[PDB]
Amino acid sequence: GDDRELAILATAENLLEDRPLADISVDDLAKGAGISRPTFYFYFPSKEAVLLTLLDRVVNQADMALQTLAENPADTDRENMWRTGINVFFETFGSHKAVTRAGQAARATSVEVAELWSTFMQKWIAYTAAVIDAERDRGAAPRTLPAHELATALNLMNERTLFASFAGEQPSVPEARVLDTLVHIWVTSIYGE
């Protein structure tokens, strides 16, 4: 039960490395998972629902990793603390590039994919703004822009720049340089007067 479902998910993630969702059929997912077409429809209403679940799992993996960090501060300087946090997203989405690229494309068409992304982006921006606020309250960061507006632009920068790097878009920061590039802009814009 959970086995056939996992099989369908694993097939979809494998097939998405090679072609987009449009070029993958329900019959394709069923065949890869070793089931018939009506059996597929018993676990998922559509191939698009399969992508939704894959993206949901990726998003929650990142969110849980970030929650772990939040409850277990690394013992290091401020620059390293922001790096560890951005690194959650570099590693989690960068470990699932095909789901990330397909999930990105699906935002234009799927209201469920758009709302899932939007919900978690609001959560990650709120967390970012809360940490900035904490840093200002402690006297470590200057009161410049509204924390929440700053947090919004920096998280949108990371969304676009990470996902261009993973897709090898032209232009993009090389994937081996993107973490350092992002950490620099976050630290200078959060702490710079």
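All residue numbers refer to positions in the sequence shown, first residue = 1.
**Q** Please compare 79 to 87 with 110 to 118 and name the stretch with the higher mean C-alpha B-factor in the deposited structure.
**A** The deposited B-factors put 110 to 118 ahead on the C-alpha mean.
**Q** Using only C-alpha atoms and the B-factors in the entry, which stretch averages higher, 145 to 153 or 43 to 51?
**A** So the stretch with the higher mean C-alpha B-factor is 43 to 51.
**Q** For the C-alpha B-factor as written in the entry, point me to the maximum among 169, 18, 175, 180.
**A** When the deposited C-alpha B-factors of 169, 18, 175, 180 are compared, 18 is largest.
**Q** Taking the values straight from the PDB record, which of 137, 159, 56, 63 has the highest C-alpha temperature factor?
**A** Highest C-alpha B-factor among the listed residues goes to 137.
**Q** Using the B-factors in the PDB entry, rank residue 190's C-alpha atom against the chain and give the third, lowest, middle or highest.
**A** Residue 190: CA B-factor falls in the lowest third of its chain.
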